[PDB]
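1. Got an experimental structure here, sequence first:
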Amino acid sequence: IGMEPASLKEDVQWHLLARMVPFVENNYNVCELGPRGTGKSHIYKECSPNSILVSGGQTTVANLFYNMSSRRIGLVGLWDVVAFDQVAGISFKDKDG
DNA sequence: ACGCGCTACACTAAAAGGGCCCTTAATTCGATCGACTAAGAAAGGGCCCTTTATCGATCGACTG
């Protein structure tokens, strides 16, 4: 990732590995809450070309799961990791979300 | 092997998504204007009490 392992505690290293875990296991839902500036969104935005960081919380079942008009599957179809930032900000215009 | 079948453009209709925007029916309040709720009000009014008259009763000089 670019972190210095010798400058971190062992448990912090294992937490960072848990952060890797969503990339390596199929259909792995995981939630992480923490203080600002702890380097959360960096791994899901820079250090992987096959993961997406959904910003702003602007998520609808149309573009996230299945858009019935265009008949194309949403984000969850071609990305290995979908990371919802700003969990407070995520809200669904449709109820079914 | 040059006429022939495919591959490109506007109107009409249907679906769905997504702003979305108005609604509303929930909220706050926030005066507020009654609404009492005492606190002291003052007029008024009501109450009391010592005033004169008299009716004895008597106790007086005075008096014959």
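-> Yes, it's here. Residues are numbered from 1 along each chain as shown, chains lettered A, B, ... in the order given.
2. On the three-state scheme, the nearest residue to residue A:79 once chain neighbours are set aside is what?
-> Once flanking residues are discounted, residue A:79 sits nearest to residue A:52: 4.8 Å by C-beta to C-beta, 6 or more residues apart in numbering. Quick note: C-beta positions are derived from backbone N, CA and C, even for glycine. The three-state assignment at residue A:52 reads strand, by DSSP: H, G, I helix; E, B strand; the rest coil.
3. pretty sure residue A:52 contacts residue A:75?
-> Yes. Counting by C-beta atoms under 8 Å, residue A:52 does reach residue A:75; the two are 6.2 Å apart.
4. more neighbours, the two?
-> residue A:52 (17 against 13; other C-beta atoms under 10 Å).
5. ok, residue A:89 - contacts?
-> A:56-57 (C-beta atoms under 8 Å, 6 or more residues apart in numbering).
6. hmm, back to that, what do residue A:52 and residue A:75 both touch?
-> residue A:82.
7. Could you pull out the strands in chain A for me?
-> Secondary structure of chain A (DSSP state E): strands located at A:51-54, A:66-67, A:72-73, A:81-84.
8. Switch those over to CSV; also include distance to residue A:31.
-> Formatted as CSV, these follow (distance: least, C-beta to C-beta, whole Å):
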stretch, distance to residue A:31
strand A:51-54, 14
strand A:66-67, 24
strand A:72-73, 24
strand A:81-84, 9
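9. Contact distance from DNA strand B - what residues of chain A qualify?
-> On the criterion C-beta under 7 Å from any atom of the strand, DNA strand B has as its neighbours in chain A the residues A:60-63, A:67-69, A:93-94.
10. one more time with 10 Å, if that's ok
-> A:58-71, A:74, A:92-94, A:96-97 (C-beta under 10 Å from any atom of the strand).
11. Output the longest helix belonging to chain A.
-> Scanning chain A for the helix with the most residues, using DSSP state H, yields helix A:10-24.
12. and residue A:69, what does it touch?
-> residue A:62.
13. Also residue A:79?
-> A:50-52 are the contacts of residue A:79 under C-beta under 8 Å, 6+ apart.
14. ok, so of the residues you listed, who is nearest DNA strand B?
-> residue A:52 (16.9 Å; C-beta to the nearest atom of the strand).
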